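Close look at the chain arrangement
If you want the building blocks of each chain, they are given just below.
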Amino acid sequence: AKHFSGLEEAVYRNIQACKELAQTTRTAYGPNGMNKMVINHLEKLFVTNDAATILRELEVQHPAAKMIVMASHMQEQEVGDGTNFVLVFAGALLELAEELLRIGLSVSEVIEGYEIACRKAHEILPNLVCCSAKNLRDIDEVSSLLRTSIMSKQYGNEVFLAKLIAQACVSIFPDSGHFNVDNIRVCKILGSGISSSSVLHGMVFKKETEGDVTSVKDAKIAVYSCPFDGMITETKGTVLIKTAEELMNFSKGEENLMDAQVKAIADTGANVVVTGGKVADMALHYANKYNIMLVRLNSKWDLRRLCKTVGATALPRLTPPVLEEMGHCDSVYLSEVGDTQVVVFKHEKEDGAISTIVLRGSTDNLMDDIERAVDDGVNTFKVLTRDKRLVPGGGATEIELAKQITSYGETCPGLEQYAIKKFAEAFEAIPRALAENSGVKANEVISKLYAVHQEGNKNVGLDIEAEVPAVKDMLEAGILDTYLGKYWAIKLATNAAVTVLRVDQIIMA
Amino acid sequence: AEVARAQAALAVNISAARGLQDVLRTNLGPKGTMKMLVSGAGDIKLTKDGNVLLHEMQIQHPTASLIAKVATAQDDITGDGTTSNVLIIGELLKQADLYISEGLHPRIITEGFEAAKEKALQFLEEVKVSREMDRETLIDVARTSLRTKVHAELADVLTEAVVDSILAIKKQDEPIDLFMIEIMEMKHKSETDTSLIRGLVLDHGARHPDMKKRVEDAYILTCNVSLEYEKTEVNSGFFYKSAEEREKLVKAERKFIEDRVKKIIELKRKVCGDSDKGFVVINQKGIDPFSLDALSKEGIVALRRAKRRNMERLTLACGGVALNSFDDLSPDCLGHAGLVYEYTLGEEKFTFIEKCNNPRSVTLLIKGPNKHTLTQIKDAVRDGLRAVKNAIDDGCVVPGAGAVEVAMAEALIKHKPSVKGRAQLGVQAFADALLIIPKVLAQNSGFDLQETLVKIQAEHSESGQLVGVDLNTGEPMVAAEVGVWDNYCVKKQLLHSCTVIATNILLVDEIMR
Amino acid sequence: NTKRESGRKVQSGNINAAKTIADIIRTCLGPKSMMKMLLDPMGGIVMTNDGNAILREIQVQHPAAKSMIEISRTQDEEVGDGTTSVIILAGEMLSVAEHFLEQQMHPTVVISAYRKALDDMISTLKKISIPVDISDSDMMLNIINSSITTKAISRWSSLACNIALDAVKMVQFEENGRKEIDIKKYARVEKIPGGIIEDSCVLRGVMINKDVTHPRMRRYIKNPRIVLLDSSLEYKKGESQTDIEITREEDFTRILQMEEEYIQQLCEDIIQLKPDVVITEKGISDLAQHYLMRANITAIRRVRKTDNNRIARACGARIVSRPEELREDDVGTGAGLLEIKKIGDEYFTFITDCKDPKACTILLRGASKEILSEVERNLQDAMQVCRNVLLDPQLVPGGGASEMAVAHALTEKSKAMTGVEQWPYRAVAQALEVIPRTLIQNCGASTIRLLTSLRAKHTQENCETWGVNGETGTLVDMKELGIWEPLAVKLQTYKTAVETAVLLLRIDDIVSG
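Residues numbered from 1 in each chain as written, not as in the entry; some residues may be left out. Chains lettered and ligands numbered in written order. Part of a larger assembly, values for the part shown. Heavy atoms only, no water.

1. Digging into the arrangement of the chains
Selection rule: Contact definition: two residues touch when any of their heavy atoms are within 4.5 Å.
Across the two pairs of chains that are in contact, the largest number of contacts falls between chains A and B. Between chain A and chain C there is no contact; the minimum C-alpha to C-alpha separation amounts to 11 Å.

2. Some thoughts on the interface of chain A and chain B
Where we set the bar: Computed with a 1.4 Å rolling probe, the buried area is the accessible surface lost when two parts are put together, summed over both parts. We define a salt bridge as a side-chain nitrogen of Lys or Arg found within 4 Å of a carboxyl oxygen belonging to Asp or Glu. Runs of E in the DSSP output that reach at least two residues are strands. Runs of H or I that reach at least four are helices, and both are numbered from the N terminus. Note on residue classes: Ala, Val, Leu, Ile, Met, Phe, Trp, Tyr, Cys and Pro are nonpolar, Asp, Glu, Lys and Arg are charged, and everything else, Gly too, is polar.
Contacts between the two partners involve 38 residues from chain A and, on the opposite side, 37 residues from chain B. Around 3300 Å² of area is buried between chain A and chain B when both sides are counted, 61% of it from carbon and sulfur atoms. Among the residues of chain A in contact with chain B, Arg502(A), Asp504(A) and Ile507(A) are the three that bury the most area, contributing 20% of the side total. At the junction of chain A with chain B, the criterion picks out two salt bridges. A salt bridge links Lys31(B) to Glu109(A); its shortest N-O distance comes to 2.7 Å. Breaking the side of chain A that touches chain B down by element, the ones donating at least two residues are α3 (63-78), α5 (107-128), α17 (483-492) and α18 (495-500) of chain A. When residues in the side of chain A that touches chain B are grouped by element, the largest group, seven residues, is from α3(A). Grouping the constituent residues of the side of chain A that touches chain B by class yields 18 nonpolar, eight polar and twelve charged.

3. Concerning the nonpolar core
Looking at soluble globular proteins, one finds that nonpolar side chains tend to be buried together. The criterion, for reference: Among buried residues, the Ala, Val, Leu, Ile, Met, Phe, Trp, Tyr and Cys ones that are joined through side-chain atoms within 4.5 Å form a nonpolar core. Remark: exposure states derive from per-residue accessible area (1.4 Å probe, protein chains only) relative to the maximum for the residue type, with buried under 20%, exposed over 50%, and partly exposed in between.
Of all hydrophobic cores here, the largest spans 101 residues; its most connected members are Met68(C), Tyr114(C) and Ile362(C). For this core, the element with the highest residue contribution is helix α5 (residues 83-102) of chain C, accounting for ten residues. When sequence neighbours within four positions are dropped, the list of residues in contact with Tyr114(C) reads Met93(C), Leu94(C), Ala97(C), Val428(C), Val498(C), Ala501(C), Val502(C) and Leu505(C). If you look at the next biggest cluster of nonpolar residues, it comprises 72 residues, including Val88(A), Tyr408(A), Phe423(A) and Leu501(A).

4. Points about the environment of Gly474(B)
For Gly474(B), the position within the fold is in the loop between β13 (468-469) and β14 (476-477). In contact with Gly474(B), not counting residues within four places along its chain, are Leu441(B), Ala442(B), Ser445(B), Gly446(B), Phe447(B), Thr452(B) and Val469(B).

5. A look at the sheet that holds strand β6 (residues 221-224) of chain A
All names here are of chain A. Stated formally: The pairing criterion is simple: DSSP has to find at least two bridges between the two strands. To obtain each axis, a line is fitted to C-alpha atoms, and for helices this fit is confined to the stretch in contact; angles are then taken between N-to-C directions over 0 to 180 degrees.
Here five strands make up an open sheet; going across it, the order is β5-β8-β7-β6-β9 and the pairing mixed. Single-partner strands in this sheet number two, and they are β5 (208-210) and β9 (326-327). The strands touched by helix α11 (residues 300-311) are β6, β7 (272-275) and β9; relative to β6, the strand with the most contacts, the crossing angle is about 135°.

6. Structural notes on helix α3 (residues 63-78) of chain B
Operational definition: One less than the residue count of a helix, multiplied by 1.5 Å, gives the span that helix is expected to have. Bending is quantified residue by residue as the angle between axes fitted to the seven-residue window ending at that residue and the seven-residue window starting at it.
Helix length check: α3(B) (16 residues) gives 23 Å between terminal C-alpha atoms against 22 Å at 1.5 Å per residue, within 8%. Approximately 30° is the largest bend angle found in α3(B), and it occurs at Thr72(B). Along α3(B), the positions that sit buried rather than exposed are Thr63(B), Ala64(B), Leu66(B), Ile67(B), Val70(B), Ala71(B), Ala73(B), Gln74(B), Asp75(B) and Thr78(B). Contacts made by the buried residues of α3(B) are with α1 (7-24), α2 (52-56), α4 (82-100), α12 (371-393) and α18 (488-506) of chain B together with β2 (47-48) of chain C. One or two steps after α3(B), the chain reaches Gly79(B), where phi turns positive at roughly 105°.

7. Focus: the pattern of salt bridges
Per the stated rule, a full pass over the model turns up 83 salt bridges over all chains. In this structure, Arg389(A) engages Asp387(A) in a salt bridge whose closest nitrogen and oxygen atoms are separated by 3.8 Å. Put simply, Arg5(B) and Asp509(B) hold a salt bridge, and the shortest N to O gap is 3.6 Å. Highlighted residues: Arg5(B) in the loop between β1 (3-4) and α1 and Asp509(B) in strand β16 (residues 508-512), separated in sequence by 504 residues. Relative accessible area serves as the criterion here: at 30%, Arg5(B) is assigned to the partly exposed category.

Written as structure tokens, this is what we have:
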């Protein structure tokens with residue numbers, strides 16, 4: 001990177017990164033995220049209530065943050081919630097090592113104290129679980145589980161999208177014996193109401209739906225990024241712009257030049273023919289008269305999700321479609337997924353792993369927020385598959401973590417005692433994170449989480465009731481995480497963070 | 001042009017020398033911290049390895065040329081010790097600088113370093129005792145020498161999987177490790193791990209049922225040039241350009257696909273029979289569905305996308321050799337690995353070539369996506385294996401924890417070679433520079449680098465005791481008994497490379513530019 | 001144009017750049033040695049034992065920075081030693097005498113002074129030059145092992161003592177003068193990549209790398225016959241000069257092969273006539289030369305008549321226009337020994353030749369590629385004494401002491417000489433004593449009082465024989481100690497130094513042109 005000096009990184013960069021990485025977990029997590037305008041290299045306002053999403057959109061110059069940001073993304077992989085929850089425990093504890101460095105303790109010492117303590121905290125978490133819930137075919141339970149996952153990272157529709165993802169995350173697998181990496185594939189169409197956002201299944205091309213329905217049942221596709229303009233690899237499909245004498249030949253010939261096109265397509269078999277390219281005038285006339293369905297002007301994301309679900313190859317060179325240019329679906333039924341007339345395929349048993357949630361609203365910021373939700377419900381539903389387990393949500397469990405690590409810190413003596421003394425509190429940043437967006441008092445909520453010892457119950461979330469600190473049961477709040485989701489975060493809030501201080505300065509000319 | 005003479009020039013010499021090196025002392029034992037070098041490309045890194053962060057990008061010095069040279073000699077030749085090596089090279093300058101401060105000539109200081117380097121190198125054999133090629137005795141020297149590169153944990157997981165690899169050798173006297181370094185990783189949600197895997201294992205293969213899954217006689221035709229070409233050891237060009245040129249290759253591809261399976265089936269007909277013995281074509285490009293069936297359906301194993309790194313660890317392990325084509329390789333030249341077995345877990349399809357006639361290769365499968373996970377273990381793999389290989393090839397390994405450093409400067413105690421100062425000045429600076437290894441660990445940890453040492457010294461001055469600074473808490477301990485022993489191949493390459501460069505700087509007087 | 005520069009200021013300009021060169025390589029000189037660091041503007045490490053090597057690699061000033069290379073190159077051409085000594089004498093003496101004398105207002109009696117302080121210098125040198133025997137490689141040893149250690153090599157010295165000491169005796173100028181003192185033609189230094197000390201054989205004759213390059217070239221016909229053209233080949237390696245035009249494509253190729261075909265038709269005639277050897281001095285390219293290997297012949301190519309005709313007398317060959325043509329032997333056998341010792345398959349022909357004009361290539365093998373040049377410089381540093389001892393059995397023990405023997409006896413003759421003469425005499429005689437006291441510097445202790453007593457010892461006991469050594473810095477008999485200062489060396493090192501002195505003392509202006 002840049003040439004540095006003075007061993008500044010540790011005492012400066014390492015503490016700089018996480019807090020700079022923070023506020024994305026702190027004023028956004030738990031019951032609600034707070035929006036952050038994000039303008040990427042393409043300028044539009046982007047709403048991020050998730051830390052990973054704003055970390056996705058934060059290009060990391062730090063050598064230090066470049067370690068922790070990725071592992072903070074890896075929780076959106078592994079959980080989908082608590083990706084915020086990575087950085088709040090990560091750097092807070094990490095910050096507590098600098099004053100341990102003020103104590104004089106060596107860098108590797110206090111980090112080892114964090115490992116043995118998080119391994120200890122890894123022991124504490126599953127004890128802190130309150131019962132469990134799993135039904136992978138059901139909306140209600142799943143929505144109550146996923147809702148914390150969206151709530152942290154969503155300021156918008158919670159139960160409604162919890163239900164719609166608990167629809168979708170389920171319904172794409174009509175019964176989930178498990179859940180894939182990602183099944184639900186959203187067809188993104190804005191407008192109407194933001195609650196006009198619906199859930200269907202299969203692939204939707206929001207580009208030109210053209211040709212005509214040849215078979216509504218058999219959706220069999222010939223997928224091409226290729227223009228059907230007469231462009232094709234068997235003959236010369238040249239459009240003739242040279243002279244009016246020339247173009248009339250294309251007018252006469254494109255009926256025939258689309259004839260070597262649709263039939264080289266449909267004779268090897270097809271019904272829908274997915275066009276990432278275009279279809280010419282007399283081509284479309286011929287394709288409309290031959291009545292071959294050509295979905296046209298399709299995006300990659302159009303071409304791709306199809307090739308992602310049925311499996312397929314959309315190629316710019318036209319040719320007889322192979323069964324890897326030929327997919328089959330449940331049905332191609334021209335219909336509206338959330339109030340826009342488009343071709344909508346159907347995939348569950350045939351291929352599957354595609355579920356359209358049309359994400360609607362006034363602006364794509366109203367799409368992006370509800371895009372956070374359904375996605376935050378995607379990942380944690382696979383989390384809901386891997387365990388039925390439900391921990392009381394963020395900030396209620398944290399004292400049993402803190403309380404024991406305190407007494408564990410009390411059993412610590414040996415110099416990492418103070419370091420595990422640091423490890424104990426860093427869970428109480430969770431009520432603090434949920435305090436400071438609330439604007440309420442951390443240490444008093446932390447005290448409201450101590451003296452009563454409700455230990456998996458008392459927490460202040462992010463509410464319209466957050467004017468005054470009120471410790472509410474997260475177990476009943478509809479906000480429930482899982483020890484795995486915890487353990488994944490409690491691992492990945494440590495690893496990158498505990499290893500980021502172990503570094504020394506960058507040495508360059 | 002400009003003239004910078006002697007002390008003016010030798011300052012920039014000694015200033016640039018110990019300028020990086022003193023900060024390089026953040027690494028030794030497990031307790032020495034980790035330094036992060038980020039090269040200009042932006043790679044976040046951790047190596048307690050002494051030499052590594054130098055050679056890539058560093059503060060540019062005149063001595064930067066020499067420090068990259070001598071930091072090499074330790075890990076290049078032996079494979080371990082640069083964490084303990086680079087630190088001594090200017091550790092011997094620190095004391096001599098104070099001796100030169102008397103007006104004591106750079107040459108009279110030059111001749112001195114070479115003097116007692118003998119005595120300590122003599123003492124390395126003197127101090128070392130023959131230590132077994134045994135698993136745990138390796139593990140012991142491992143637990144030392146591994147940490148004399150990097151931190152405990154990854155060295156501690158490299159205290160087992162490594163000791164096996166250097167043990168798993170067919171037999172090898174190589175001080176470093178080549179083919180039993182096989183770097184694979186399955187990016188893994190959990191933090192980290194290194195999966196020790198015996199024999200060569202292919203990064204990718206194609207395991208299809210009509211093939212031989214478990215192959216007891218596996219005769220390998222190594223294969224690269226695809227079913228898309230005909231009797232060639234390198235691929236030719238493509239035509240995407242013209243529509244009629246697009247119809248030329250895919251139609252004629254039937255000529256190319258079968259021409260290869262023609263050889264492939266008959267070479268199985270020849271060598272392997274059909275259902276009797278398994279045949280293997282390891283196809284290091286993709287495999288077309290005709291022969292991917294026909295290679296299978298004949299009984300041949302067709303292994304897709306093997307790396308050349310596999311291909312070389314294929315040959316010597318199996319005893320056969322490779323080929324670049326899908327056409328006939330000689331039955332002898334056919335690689336025979338008594339087990340060709342493709343195991344698929346998670347992201348990658350791993351083809352075991354096992355019952356190796358002479359396995360020179362094992363495989364280490366790393367875990368986790370994060371570079372903060374990988375760069376720590378990745379950089380310790382090379383220095384994990386070769387280090388413990390120095391324990392197996394040499395039954396002689398020198399005890400660690402500087403208990404050897406304290407056990408010389410006490411015998412080296414000033415004016416045992418009493419003749420004069422100038423040679424003594426070296427052996428004096430040298431006796432004092434010896435002690436860094438105890439010091440730097442007690443520099444990392446508490447007491448003092450002295451308070452522990454002066455106790456260590458005394459504790460060693462107490463007879464019958466080889467004692468050293470704890471590799472973690474910076475406190476007294478017995479290097480022999482605790483089981484911390486440096487590689488003697490590290491330890492000889494320790495004193496040579498350190499003392500020569502400083503001496504090379506000591507004849508340096510005027511720098512010109 | 002119109003510009004004028006003046007005298008002592010130009011003399012000072014002659015003083016300045018030289019005065020810098022007079023220092024480091026003076027420290028690098030002798031048993032107390034150093035290195036001259038060179039900072040590249042990018043930071044690259046450079047250190048040598050030659051400052052002119054550092055100068056060639058950095059800015060060189062038009063003043064004596066240019067000349068002290070030149071006159072040392074003049075010193076490098078003649079005896080091949082003292083270049084390090086010339087740079088440090090000249091600028092020193094020019095820094096010493098001038099100011100003291102020019103304030104007395106004269107270059108003039110200083111003009112006479114350098115050759116007067118040369119006079120006794122040359123005089124008593126030869127007088128105290130001790131005879132050392134030529135017949136004994138051992139009594140040539142202590143002087144030649146001293147000379148090869150003037151640049152501080154005992155490494156290949158004793159081996160250069162083996163090969164070269166009798167080799168210059170085998171060097172004959174074909175003028176039938178000396179012979180004994182030999183310029184480098186009849187004696188050359190040429191090396192074989194790699195090898196070993198036994199792959200080094202004492203080689204007193206020419207060595208043709210091109211005599212046997214390949215095995216199908218001649219193999220041990222102990223008296224070959226080198227055919228130069230003229231019948232077996234001819235005087236044409238030509239071009240038929242075929243007409244050319246754009247419409248003929250084949251016409252471009254025929255003119256290209258025509259150079260080779262005449263080279264071929266001569267070698268085809270060699271295929272017809274089949275010598276054991278042909279020397280093609282116009283040279284034969286790869287094509288027609290591959291045709292001489294089937295004819296059981298070596299192809300000696302693009303060497304010179306002088307070497308060949310000497311090789312002829314050296315290896316036992318001679319120039320005859322055909323193998324079938326047989327006239328007479330000018331040398332029936334001209335070889336002391338014929339050897340080919342190959343490194344790899346490429347053959348190197350070693351023909352050991354005693355008192356031939358030859359090349360007297362003295363086979364010089366480092367243990368490997370790199371220190372070959374050491375053995376070259378050593379066998380070159382060898383032949384310096386080898387031509388000195390054979391010329392002059394007298395050579396002064398000294399160079400610490402000879403430098404004292406000169407200096408103290410010089411001004412000691414001012415006691416005899418006096419006059420106005422004594423003042424520039426001693427002043428040009430002053431700087432010499434400092435050279436050992438410059439090395440006695442790195443002996444530590446007192447560099448002054450030692451030489452002081454030694455200066456007393458000079459006329460007290462003995463001078464260069466019994467005197468100061470760079471190894472000792474104190475009185476030893478340089479004979480008994482075996483440190484020798486070749487007589488040919490001192491006659492030169494000072495000369496070219498005082499040659500540049502009066503000159504740069506007499507060059508009083510530098511015009512723009």
